[PDB]
Amino acid sequence: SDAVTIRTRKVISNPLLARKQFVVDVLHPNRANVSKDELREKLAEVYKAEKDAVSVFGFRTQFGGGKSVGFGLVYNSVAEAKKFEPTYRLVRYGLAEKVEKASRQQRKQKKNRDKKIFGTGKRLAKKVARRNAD
Amino acid sequence: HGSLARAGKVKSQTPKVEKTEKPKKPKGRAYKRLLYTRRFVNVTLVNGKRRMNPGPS
Amino acid sequence: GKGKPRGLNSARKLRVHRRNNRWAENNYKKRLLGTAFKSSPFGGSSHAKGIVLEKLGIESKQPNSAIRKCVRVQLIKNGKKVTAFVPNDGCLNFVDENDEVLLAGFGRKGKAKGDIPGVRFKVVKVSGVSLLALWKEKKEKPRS
Amino acid sequence: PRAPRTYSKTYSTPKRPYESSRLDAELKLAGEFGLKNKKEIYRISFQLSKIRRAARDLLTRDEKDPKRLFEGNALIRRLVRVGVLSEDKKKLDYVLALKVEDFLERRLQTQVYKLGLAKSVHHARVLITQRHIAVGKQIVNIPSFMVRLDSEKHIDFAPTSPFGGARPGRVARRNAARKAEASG
RNA sequence: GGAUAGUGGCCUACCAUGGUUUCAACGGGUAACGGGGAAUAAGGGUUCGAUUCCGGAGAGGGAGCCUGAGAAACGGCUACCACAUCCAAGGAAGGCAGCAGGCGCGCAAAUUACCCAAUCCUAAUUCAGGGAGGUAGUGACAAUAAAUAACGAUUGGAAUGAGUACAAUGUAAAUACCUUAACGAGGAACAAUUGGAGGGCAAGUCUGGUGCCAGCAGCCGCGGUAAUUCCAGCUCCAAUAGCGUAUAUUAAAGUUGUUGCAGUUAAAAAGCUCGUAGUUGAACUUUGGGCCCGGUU
């Protein structure tokens, strides 16, 4: 936006997770809100690092516009981000692919149906087919 | 005297008169302002005492 | 010596004297015996649904003169029959025979109001519809 | 489950609800401060009564008592920081001498009016609640915003508010568009 | 001596006759899980505590038991009782006081939703699982803030949020919130109700209707052809997104009285005396005086 002037406070480094973490406040006067991708690329350019290494989340807009205050996170590589950032954040940024887990109800129904069967069930299927066709 | 029937005689027989249309009254702080400007600068009601709803005399 | 014991070791005597004397209190005895649970028609309840058995005209007490409209309601939850007042003009015509009516207290705790003899309860809802709503035309009685 | 979320009431309705003198005094206050309900005066009087109870229990304590000193200096410090009290009357007895008018006068409504950004107190409340007035540099729409002693100097129109030099609102834009359409 | 993981009448054999009690035992009721605490209170106190935390107990009742360190385990078995389901009539399988949800009971209480993203938990264990938990839906239980309008001239401009909505933030993904393109005030609009106007308890000696009828009324009371009290209109008042009603409880209640009640006549001094428990019970035993030290003013 206009005069974003992205500031990063409390920039304590985190060698344990191989990242630099900071609270990021962006001032966007005369603007609704600045998008996640724009903030990610701006932080990457300002930190001289790859865009996929940086990550930002939990952006709370102050009352009446002007600025939003949130949390920032930049890693030491892209593999570090891929291994430490969670799956939802990775698919949010597009660096990963959303899993196709079935919904909880039908997943649990499948679990119960498989639990009620003992073994691989090949013998059960063969016996059932023989009895039904006979 | 004696009424087991005729219950609601007056409520049924009273001549209906509709609520006449009047300018909408303000609500909230506006109504508080109306009350203040009706009871503290319009103190002309005094006749020895301040009558809040004087009869049309 | 003002009758009551004053000794520094008379705490038991004071406690027991108070225990005996508290029974004379109207509300304390009622709560302790649980007459609300035992004997009161509502069983200590703020309201009670019932089925009206018949309409009644109860003459008002002196110096008043009028025929207050009432209903003989048998409570669904208790089976006790109580007289209930229909407290608004013309609202008696709303209540019919065998209509489910909600009963509430009359304000005076277990007593009667003014010139009504022996009526301690009043109707609030008829077949789930409020008496004042039916009176002021805000609702329409299903009559089903 | 989750630990209970504690809450409290900010006022206390008075006994004998129907005193003519009390009603007249509270309506005087409401009319001359733009208060929407008696609840606002009730809340202000409840805060006053709470701090006065604390002040009386504090004055009951012996002088130079550690608790007395700590709580008294804290109370007067917060009072002067709010601005309800004044710097000259830094003693504790002036907390007792306080009236509800001081708290009602330290509100954002009346402080906007005193600063002069408003035609009336009601105009001040209207401007406050339409996100036009902004303390410091942030929009606030709280009529009862207790202004600090370093905030009245920075009370002014909001940067986003059309009266604060921003885009001229919506009705002005609509009428300007209508005028341009007619003149076209 | 057995039994226990272990002490122990926990059980067993022999022996003595003991143990509790008017300082309230035993028995009965509890609409009684206990507590941290809640409401209301000058001080004392009164009432409540099913319920977010701690400790108990239960899985329809009751007992027995396997496994296991840990169970009298019930989303583990065994039997009976009471329910209740599918049978092809020989058989078989259950315990929602978990989550939703249905019936019943009632005055009384929500969706058969999404997710392991947090807080944690478990397993072989970073990865899986978790109706634990979180999110959303219903939700005037209660709490916080606060729109229903402001100004100008004698009819006009200017502002805005409700309500939509590209977008982004938000989130596990979302809904809403915070922001914001654009749309979105002039009244018949974008319309605030709930109770009340004889007194306590401020607010009508206004009009029409009724005429001890209807009816109102917490209490006193109003109403029988001039209703300040009923039903309507207008006006006004109190509170106000809340207001009223019923029940219970607290203050008021010095009407529970230890603080702090009353007993001649209002309710109350037993007919009188004796007397155990209980409560209370005359004084007297080391004082006064000198010399210093060290604290605060």
# chains A, B, ... in the order shown; residues from 1 in each chain; ligands from 1
>>> select_by_dssp(residues="chain A", states="strand (DSSP E)", output="tab-separated table (two decimals) with C-alpha atoms, in the first residue's frame")
chain	number	residue	atom	x	y	z
A	7	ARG	CA	8.53	-2.45	11.15
A	8	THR	CA	9.82	-5.55	12.95
A	9	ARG	CA	10.06	-5.35	16.75
A	13	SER	CA	16.80	-14.90	16.90
A	14	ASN	CA	15.88	-18.57	17.32
A	19	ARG	CA	14.59	-18.97	12.40
A	20	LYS	CA	14.36	-15.29	13.27
A	21	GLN	CA	11.08	-14.31	14.92
A	22	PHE	CA	9.62	-10.85	15.35
A	23	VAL	CA	6.36	-8.99	15.88
A	24	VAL	CA	5.62	-7.18	12.62
A	25	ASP	CA	3.57	-3.99	12.52
A	26	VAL	CA	2.66	-2.48	9.16
A	27	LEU	CA	1.26	1.03	8.80
A	28	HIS	CA	-1.07	1.42	5.80
A	54	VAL	CA	9.50	-16.03	5.61
A	55	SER	CA	6.11	-16.60	7.21
A	56	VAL	CA	3.58	-14.29	8.88
A	57	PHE	CA	0.41	-15.06	10.82
A	58	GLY	CA	-2.06	-13.66	13.31
A	59	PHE	CA	-2.45	-10.15	11.91
A	60	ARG	CA	-4.78	-8.00	14.01
A	61	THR	CA	-5.86	-4.68	12.51
A	66	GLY	CA	-3.91	3.02	9.89
A	67	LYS	CA	-1.98	-0.09	10.81
A	68	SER	CA	-2.12	-3.79	11.61
A	69	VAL	CA	0.04	-5.61	14.15
A	70	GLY	CA	0.99	-9.25	13.81
A	71	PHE	CA	3.70	-11.88	14.11
A	72	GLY	CA	6.49	-12.57	11.64
A	73	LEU	CA	8.82	-15.51	11.07
A	74	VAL	CA	11.78	-15.93	8.72
A	75	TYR	CA	13.81	-19.13	8.45
>>> interface_residues(of="chain C", to="chain B", cutoff="8 Å", atoms="only C-alpha atoms", output="PDB file with N, CA, C and O atoms, in the first residue's frame")
ATOM      1  N   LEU C  56     -65.978 -20.141  37.263  1.00  0.00           N
ATOM      2  CA  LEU C  56     -66.615 -19.810  38.526  1.00  0.00           C
ATOM      3  C   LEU C  56     -66.736 -18.302  38.649  1.00  0.00           C
ATOM      4  O   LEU C  56     -65.893 -17.551  38.154  1.00  0.00           O
ATOM      5  N   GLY C  57     -67.790 -17.871  39.328  1.00  0.00           N
ATOM      6  CA  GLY C  57     -67.934 -16.479  39.684  1.00  0.00           C
ATOM      7  C   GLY C  57     -67.922 -16.316  41.185  1.00  0.00           C
ATOM      8  O   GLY C  57     -68.866 -16.723  41.867  1.00  0.00           O
ATOM      9  N   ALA C  66     -68.546  -7.141  43.486  1.00  0.00           N
ATOM     10  CA  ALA C  66     -68.304  -7.527  42.105  1.00  0.00           C
ATOM     11  C   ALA C  66     -68.274  -9.043  42.070  1.00  0.00           C
ATOM     12  O   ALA C  66     -68.230  -9.700  43.112  1.00  0.00           O
ATOM     13  N   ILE C  67     -68.292  -9.596  40.869  1.00  0.00           N
ATOM     14  CA  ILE C  67     -68.207 -11.039  40.686  1.00  0.00           C
ATOM     15  C   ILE C  67     -66.904 -11.314  39.948  1.00  0.00           C
ATOM     16  O   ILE C  67     -66.840 -11.284  38.718  1.00  0.00           O
ATOM     17  N   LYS C  69     -64.009 -13.266  38.209  1.00  0.00           N
ATOM     18  CA  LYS C  69     -64.043 -14.458  37.379  1.00  0.00           C
ATOM     19  C   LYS C  69     -62.867 -15.357  37.724  1.00  0.00           C
ATOM     20  O   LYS C  69     -61.724 -14.898  37.768  1.00  0.00           O
ATOM     21  N   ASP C  89     -59.730  -7.666  31.999  1.00  0.00           N
ATOM     22  CA  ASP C  89     -61.107  -7.456  31.573  1.00  0.00           C
ATOM     23  C   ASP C  89     -61.419  -8.327  30.364  1.00  0.00           C
ATOM     24  O   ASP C  89     -60.743  -8.243  29.335  1.00  0.00           O
ATOM     25  N   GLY C  90     -62.446  -9.160  30.489  1.00  0.00           N
ATOM     26  CA  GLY C  90     -62.887  -9.988  29.394  1.00  0.00           C
ATOM     27  C   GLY C  90     -62.042 -11.210  29.128  1.00  0.00           C
ATOM     28  O   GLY C  90     -62.398 -12.004  28.249  1.00  0.00           O
ATOM     29  N   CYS C  91     -60.944 -11.403  29.862  1.00  0.00           N
ATOM     30  CA  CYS C  91     -60.069 -12.540  29.609  1.00  0.00           C
ATOM     31  C   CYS C  91     -60.700 -13.868  29.999  1.00  0.00           C
ATOM     32  O   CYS C  91     -60.153 -14.916  29.646  1.00  0.00           O
ATOM     33  N   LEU C  92     -61.821 -13.850  30.720  1.00  0.00           N
ATOM     34  CA  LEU C  92     -62.512 -15.093  31.043  1.00  0.00           C
ATOM     35  C   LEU C  92     -63.010 -15.787  29.786  1.00  0.00           C
ATOM     36  O   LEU C  92     -62.967 -17.019  29.689  1.00  0.00           O
ATOM     37  N   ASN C  93     -63.489 -15.012  28.811  1.00  0.00           N
ATOM     38  CA  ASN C  93     -63.968 -15.597  27.564  1.00  0.00           C
ATOM     39  C   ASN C  93     -62.862 -16.316  26.803  1.00  0.00           C
ATOM     40  O   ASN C  93     -63.144 -17.244  26.039  1.00  0.00           O
TER      41      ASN C  93
END
>>> closest_residue(among="D:123, D:65, D:148, D:43", to="chain E", atoms="only C-alpha atoms (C1' of nucleotides)")
D:123
>>> interface_residues(of="chain A", to="chain D", cutoff="8 Å", atoms="only C-alpha atoms", output="ChimeraX atom specification")
/A:30,63-64
>>> select_by_dssp(residues="chain B", states="alpha helix (DSSP H)", output="short mmCIF file (atom, residue, chain, number, x, y, z; two decimals) with N, CA and C atoms, in the first residue's frame")
data_model
loop_
_atom_site.label_atom_id
_atom_site.label_comp_id
_atom_site.auth_asym_id
_atom_site.auth_seq_id
_atom_site.Cartn_x
_atom_site.Cartn_y
_atom_site.Cartn_z
N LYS B 9 -67.93 -6.84 29.67
CA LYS B 9 -68.97 -5.97 29.13
C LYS B 9 -68.41 -4.62 28.69
N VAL B 10 -67.69 -3.95 29.59
CA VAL B 10 -67.17 -2.62 29.27
C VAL B 10 -66.03 -2.71 28.25
N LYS B 11 -65.15 -3.70 28.39
CA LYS B 11 -64.07 -3.86 27.42
C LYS B 11 -64.61 -4.08 26.02
N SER B 12 -65.76 -4.75 25.90
CA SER B 12 -66.33 -4.98 24.58
C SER B 12 -67.12 -3.77 24.09
N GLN B 13 -67.80 -3.07 24.99
CA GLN B 13 -68.72 -2.02 24.59
C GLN B 13 -68.07 -0.64 24.50
N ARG B 29 -30.41 9.80 24.22
CA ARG B 29 -29.89 11.09 24.64
C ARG B 29 -30.72 12.24 24.09
N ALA B 30 -31.28 12.07 22.89
CA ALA B 30 -32.16 13.10 22.35
C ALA B 30 -33.39 13.28 23.22
N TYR B 31 -33.98 12.18 23.70
CA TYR B 31 -35.12 12.32 24.59
C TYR B 31 -34.73 12.90 25.93
N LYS B 32 -33.54 12.57 26.43
CA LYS B 32 -33.08 13.20 27.66
C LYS B 32 -32.91 14.70 27.47
N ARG B 33 -32.37 15.11 26.32
CA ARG B 33 -32.26 16.53 26.01
C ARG B 33 -33.64 17.17 25.93
N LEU B 34 -34.60 16.48 25.33
CA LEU B 34 -35.96 17.00 25.26
C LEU B 34 -36.54 17.20 26.65
N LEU B 35 -36.35 16.22 27.53
CA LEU B 35 -36.86 16.35 28.90
C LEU B 35 -36.20 17.51 29.62
N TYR B 36 -34.88 17.65 29.47
CA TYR B 36 -34.18 18.75 30.14
C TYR B 36 -34.67 20.10 29.63
N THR B 37 -34.77 20.25 28.31
CA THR B 37 -35.20 21.51 27.72
C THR B 37 -36.70 21.73 27.84
N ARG B 38 -37.44 20.73 28.29
CA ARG B 38 -38.86 20.89 28.55
C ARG B 38 -39.18 21.14 30.01
N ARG B 39 -38.28 20.76 30.92
CA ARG B 39 -38.53 20.90 32.34
C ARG B 39 -37.63 21.89 33.06
#
>>> atom_distance(atom1="atom CA of residue C:16", atom2="atom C1' of residue E:256")
12.4 Å
>>> interface_residues(of="chain C", to="chain E", cutoff="8 Å", atoms="only C-alpha atoms (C1' of nucleotides)", output="ChimeraX atom specification")
/C:5,7,9-10,18,21-22,25,34,37,44-49,64-66,77,88-89,104-108,114
>>> write_last_selection(atoms="N, CA, C and O atoms", output="tab-separated table (two decimals), in the first residue's frame")
chain	number	residue	atom	x	y	z
C	5	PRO	N	-28.74	-16.28	79.67
C	5	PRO	CA	-27.46	-16.50	80.35
C	5	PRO	C	-26.39	-15.56	79.81
C	5	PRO	O	-26.37	-15.21	78.63
C	7	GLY	N	-22.97	-16.21	81.00
C	7	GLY	CA	-21.69	-16.84	81.29
C	7	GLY	C	-20.87	-17.05	80.04
C	7	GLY	O	-21.38	-17.22	78.94
C	9	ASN	N	-19.26	-19.60	79.30
C	9	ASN	CA	-19.37	-20.98	78.85
C	9	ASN	C	-20.80	-21.37	78.50
C	9	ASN	O	-21.09	-22.56	78.34
C	10	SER	N	-21.70	-20.40	78.36
C	10	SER	CA	-23.10	-20.68	78.10
C	10	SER	C	-23.44	-20.70	76.62
C	10	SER	O	-24.60	-20.46	76.26
C	18	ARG	N	-31.84	-20.43	71.17
C	18	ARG	CA	-32.15	-19.86	69.87
C	18	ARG	C	-32.80	-20.90	68.96
C	18	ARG	O	-33.70	-20.57	68.20
C	21	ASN	N	-36.34	-21.14	69.92
C	21	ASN	CA	-37.09	-19.92	69.65
C	21	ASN	C	-37.28	-19.67	68.16
C	21	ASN	O	-38.26	-19.05	67.76
C	22	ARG	N	-36.37	-20.16	67.32
C	22	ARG	CA	-36.48	-19.90	65.89
C	22	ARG	C	-37.73	-20.53	65.31
C	22	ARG	O	-38.26	-20.06	64.30
C	25	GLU	N	-40.60	-18.36	64.42
C	25	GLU	CA	-40.52	-17.54	63.23
C	25	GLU	C	-41.35	-18.16	62.11
C	25	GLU	O	-41.34	-19.38	61.91
C	34	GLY	N	-40.42	-27.66	55.40
C	34	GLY	CA	-40.59	-27.91	53.98
C	34	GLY	C	-42.04	-28.00	53.57
C	34	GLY	O	-42.39	-28.81	52.71
C	37	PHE	N	-42.58	-27.85	49.93
C	37	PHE	CA	-42.46	-29.13	49.25
C	37	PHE	C	-43.63	-30.06	49.58
C	37	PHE	O	-44.13	-30.76	48.70
C	44	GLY	N	-43.47	-25.45	45.96
C	44	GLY	CA	-42.37	-24.51	45.92
C	44	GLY	C	-42.02	-24.00	44.55
C	44	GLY	O	-40.94	-23.43	44.37
C	45	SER	N	-42.90	-24.18	43.57
C	45	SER	CA	-42.64	-23.78	42.20
C	45	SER	C	-43.23	-22.41	41.92
C	45	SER	O	-44.27	-22.03	42.46
C	46	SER	N	-42.55	-21.67	41.05
C	46	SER	CA	-43.03	-20.36	40.65
C	46	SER	C	-44.24	-20.44	39.73
C	46	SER	O	-44.99	-19.47	39.64
C	47	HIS	N	-44.42	-21.55	39.04
C	47	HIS	CA	-45.53	-21.70	38.10
C	47	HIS	C	-45.95	-23.16	38.07
C	47	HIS	O	-45.25	-24.05	38.55
C	48	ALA	N	-47.13	-23.40	37.50
C	48	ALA	CA	-47.62	-24.76	37.36
C	48	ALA	C	-48.67	-24.82	36.25
C	48	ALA	O	-49.61	-24.03	36.26
C	49	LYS	N	-48.49	-25.73	35.31
C	49	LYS	CA	-49.51	-25.94	34.29
C	49	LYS	C	-50.63	-26.81	34.84
C	49	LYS	O	-50.40	-27.69	35.68
C	64	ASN	N	-66.12	-4.04	48.88
C	64	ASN	CA	-66.27	-4.14	47.44
C	64	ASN	C	-67.47	-5.00	47.08
C	64	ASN	O	-67.98	-5.77	47.90
C	65	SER	N	-67.93	-4.84	45.85
C	65	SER	CA	-69.03	-5.65	45.33
C	65	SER	C	-68.78	-5.89	43.85
C	65	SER	O	-68.79	-4.94	43.06
C	66	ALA	N	-68.55	-7.14	43.49
C	66	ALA	CA	-68.30	-7.53	42.11
C	66	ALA	C	-68.27	-9.04	42.07
C	66	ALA	O	-68.23	-9.70	43.11
C	77	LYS	N	-49.06	-31.62	37.37
C	77	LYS	CA	-47.95	-32.26	38.07
C	77	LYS	C	-48.30	-32.77	39.45
C	77	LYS	O	-47.58	-33.62	39.99
C	88	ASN	N	-57.80	-9.94	34.04
C	88	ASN	CA	-57.92	-8.84	33.08
C	88	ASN	C	-59.35	-8.81	32.55
C	88	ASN	O	-60.07	-9.81	32.62
C	89	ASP	N	-59.73	-7.67	32.00
C	89	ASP	CA	-61.11	-7.46	31.57
C	89	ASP	C	-61.42	-8.33	30.36
C	89	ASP	O	-60.74	-8.24	29.33
C	104	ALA	N	-49.59	-18.89	38.09
C	104	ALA	CA	-48.53	-18.25	38.85
C	104	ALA	C	-49.12	-17.75	40.16
C	104	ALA	O	-50.33	-17.71	40.35
C	105	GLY	N	-48.24	-17.34	41.06
C	105	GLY	CA	-48.69	-16.83	42.33
C	105	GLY	C	-49.45	-15.53	42.15
C	105	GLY	O	-49.52	-14.96	41.06
C	106	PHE	N	-50.05	-15.07	43.24
C	106	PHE	CA	-50.85	-13.86	43.18
C	106	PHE	C	-50.11	-12.67	43.78
C	106	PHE	O	-50.72	-11.63	44.02
C	107	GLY	N	-48.81	-12.81	44.01
C	107	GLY	CA	-48.00	-11.78	44.62
C	107	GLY	C	-47.86	-11.90	46.12
C	107	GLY	O	-46.75	-11.96	46.64
C	108	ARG	N	-48.98	-11.94	46.82
C	108	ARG	CA	-48.94	-12.17	48.26
C	108	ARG	C	-48.57	-13.62	48.51
C	108	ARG	O	-49.19	-14.54	47.96
C	114	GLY	N	-56.48	-8.56	48.36
C	114	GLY	CA	-57.59	-7.63	48.47
C	114	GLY	C	-58.93	-8.27	48.73
C	114	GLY	O	-59.19	-8.82	49.81
>>> interface_residues(of="chain E", to="chain B", cutoff="10 Å", atoms="only C-alpha atoms (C1' of nucleotides)", output="number ranges by chain")
E: 147-149, 187-188, 191-192, 197, 202-206, 208-210, 212-215, 230-237, 240
>>> write_last_selection(atoms="C-alpha atoms (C1' of nucleotides)", output="PDB file, in the first residue's frame")
ATOM      1  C1'   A E 147     -26.971   3.556  17.727  1.00  0.00           C
ATOM      2  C1'   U E 148     -32.560   5.471  17.281  1.00  0.00           C
ATOM      3  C1'   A E 149     -29.662  11.776  15.111  1.00  0.00           C
ATOM      4  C1'   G E 187     -39.671  10.554   8.342  1.00  0.00           C
ATOM      5  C1'   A E 188     -45.740   7.044   6.298  1.00  0.00           C
ATOM      6  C1'   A E 191     -40.839   4.484  13.427  1.00  0.00           C
ATOM      7  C1'   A E 192     -38.041   1.678  21.666  1.00  0.00           C
ATOM      8  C1'   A E 197     -50.201   8.954  36.775  1.00  0.00           C
ATOM      9  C1'   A E 202     -43.505  12.326  40.735  1.00  0.00           C
ATOM     10  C1'   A E 203     -46.225  11.998  37.326  1.00  0.00           C
ATOM     11  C1'   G E 204     -53.889  14.465  34.933  1.00  0.00           C
ATOM     12  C1'   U E 205     -58.698  17.490  39.404  1.00  0.00           C
ATOM     13  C1'   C E 206     -58.165  16.542  30.989  1.00  0.00           C
ATOM     14  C1'   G E 208     -65.248   9.950  25.850  1.00  0.00           C
ATOM     15  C1'   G E 209     -67.404   5.070  27.624  1.00  0.00           C
ATOM     16  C1'   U E 210     -69.187   1.944  32.160  1.00  0.00           C
ATOM     17  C1'   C E 212     -70.450  -1.589  43.327  1.00  0.00           C
ATOM     18  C1'   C E 213     -71.526  -4.232  36.433  1.00  0.00           C
ATOM     19  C1'   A E 214     -67.344  -4.650  33.772  1.00  0.00           C
ATOM     20  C1'   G E 215     -63.378  -4.238  36.266  1.00  0.00           C
ATOM     21  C1'   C E 230     -62.013   0.555  35.654  1.00  0.00           C
ATOM     22  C1'   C E 231     -62.031   0.395  29.421  1.00  0.00           C
ATOM     23  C1'   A E 232     -60.283   3.996  25.649  1.00  0.00           C
ATOM     24  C1'   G E 233     -57.988   8.964  23.572  1.00  0.00           C
ATOM     25  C1'   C E 234     -54.379  12.926  24.546  1.00  0.00           C
ATOM     26  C1'   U E 235     -50.717  14.448  27.774  1.00  0.00           C
ATOM     27  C1'   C E 236     -47.212  13.252  31.351  1.00  0.00           C
ATOM     28  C1'   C E 237     -43.698  10.019  34.369  1.00  0.00           C
ATOM     29  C1'   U E 240     -34.796   2.096  29.010  1.00  0.00           C
TER      30        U E 240
END
>>> residues_around(residues="stretch 98-101 of chain A", least_positions_apart="5", cutoff="9 Å", atoms="only C-alpha atoms (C1' of nucleotides)", output="VMD selection string")
chain A and resid 87 to 88 90 to 92 107
>>> residues_around(residues="residue D:162", least_positions_apart="6", cutoff="8 Å", atoms="only C-alpha atoms (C1' of nucleotides)", output="VMD selection string")
chain D and resid 132 168 to 169
>>> write_last_selection(atoms="N, CA, C and O atoms", output="CSV table (one decimal), in the first residue's frame")
chain,number,residue,atom,x,y,z
D,132,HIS,N,-15.4,10.3,14.2
D,132,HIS,CA,-14.8,11.5,13.7
D,132,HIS,C,-13.7,12.1,14.6
D,132,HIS,O,-12.7,12.6,14.2
D,168,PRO,N,-14.1,13.7,1.5
D,168,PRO,CA,-15.3,14.3,2.0
D,168,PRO,C,-16.5,13.4,2.1
D,168,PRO,O,-17.5,13.5,1.4
D,169,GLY,N,-16.5,12.4,3.0
D,169,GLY,CA,-17.6,11.6,3.4
D,169,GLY,C,-18.3,10.9,2.2
D,169,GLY,O,-17.8,10.7,1.1
>>> interface_residues(of="chain E", to="chain A", cutoff="10 Å", atoms="only C-alpha atoms (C1' of nucleotides)", output="number ranges by chain")
E: 114-115, 117, 167-173, 178-181
>>> write_last_selection(atoms="C-alpha atoms (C1' of nucleotides)", output="PDB file, in the first residue's frame")
ATOM      1  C1'   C E 114     -16.333 -28.600  11.767  1.00  0.00           C
ATOM      2  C1'   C E 115     -11.248 -29.647  13.616  1.00  0.00           C
ATOM      3  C1'   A E 117      -4.852 -25.407  14.724  1.00  0.00           C
ATOM      4  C1'   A E 167     -10.617  -7.346  -1.393  1.00  0.00           C
ATOM      5  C1'   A E 168      -7.264  -8.571   2.461  1.00  0.00           C
ATOM      6  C1'   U E 169      -6.677  -9.735   7.603  1.00  0.00           C
ATOM      7  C1'   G E 170      -9.129 -13.294  10.638  1.00  0.00           C
ATOM      8  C1'   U E 171      -9.294 -19.267  10.983  1.00  0.00           C
ATOM      9  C1'   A E 172      -7.318 -26.050  10.795  1.00  0.00           C
ATOM     10  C1'   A E 173     -10.871 -24.335   6.811  1.00  0.00           C
ATOM     11  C1'   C E 178     -10.913  -5.152  13.452  1.00  0.00           C
ATOM     12  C1'   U E 179     -10.141  -2.381   7.970  1.00  0.00           C
ATOM     13  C1'   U E 180     -12.212  -1.007   3.782  1.00  0.00           C
ATOM     14  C1'   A E 181     -13.525  -0.119  -3.035  1.00  0.00           C
TER      15        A E 181
END
>>> interface_residues(of="chain D", to="chain E", cutoff="7 Å", atoms="only C-alpha atoms (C1' of nucleotides)", output="number ranges by chain")
D: 1-4, 7-9, 18, 20, 123, 126, 130, 172
>>> interface_residues(of="chain D", to="chain B", cutoff="9 Å", atoms="only C-alpha atoms", output="PyMOL selection string")
chain D and resi 27-28+30-32+34-37+122
>>> decode(residues="stretch 147-156 of chain D", atoms="N, CA, C and O atoms", output="short mmCIF file (atom, residue, chain, number, x, y, z; two decimals), in the first residue's frame")
data_model
loop_
_atom_site.label_atom_id
_atom_site.label_comp_id
_atom_site.auth_asym_id
_atom_site.auth_seq_id
_atom_site.Cartn_x
_atom_site.Cartn_y
_atom_site.Cartn_z
N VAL D 147 -10.34 10.83 29.49
CA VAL D 147 -9.15 11.36 28.85
C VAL D 147 -8.05 11.53 29.89
O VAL D 147 -8.28 12.07 30.98
N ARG D 148 -6.85 11.08 29.55
CA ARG D 148 -5.72 11.27 30.44
C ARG D 148 -5.25 12.72 30.42
O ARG D 148 -5.63 13.51 29.55
N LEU D 149 -4.40 13.06 31.39
CA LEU D 149 -3.90 14.43 31.49
C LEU D 149 -2.99 14.81 30.33
O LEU D 149 -2.68 15.99 30.18
N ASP D 150 -2.54 13.84 29.53
CA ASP D 150 -1.72 14.10 28.36
C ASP D 150 -2.43 13.73 27.06
O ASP D 150 -1.78 13.36 26.08
N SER D 151 -3.75 13.81 27.04
CA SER D 151 -4.53 13.46 25.87
C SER D 151 -5.40 14.59 25.35
O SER D 151 -5.70 14.62 24.15
N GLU D 152 -5.81 15.52 26.21
CA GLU D 152 -6.61 16.66 25.75
C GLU D 152 -5.81 17.53 24.80
O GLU D 152 -6.38 18.12 23.88
N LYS D 153 -4.49 17.60 24.99
CA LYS D 153 -3.65 18.35 24.06
C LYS D 153 -3.65 17.72 22.68
O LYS D 153 -3.46 18.42 21.68
N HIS D 154 -3.86 16.41 22.59
CA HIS D 154 -3.83 15.70 21.33
C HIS D 154 -5.21 15.26 20.86
O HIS D 154 -5.32 14.45 19.94
N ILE D 155 -6.27 15.75 21.50
CA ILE D 155 -7.61 15.52 20.98
C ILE D 155 -7.83 16.41 19.76
O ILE D 155 -7.70 17.63 19.83
N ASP D 156 -8.16 15.79 18.63
CA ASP D 156 -8.49 16.52 17.41
C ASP D 156 -9.18 15.56 16.45
O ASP D 156 -9.41 14.39 16.77
#
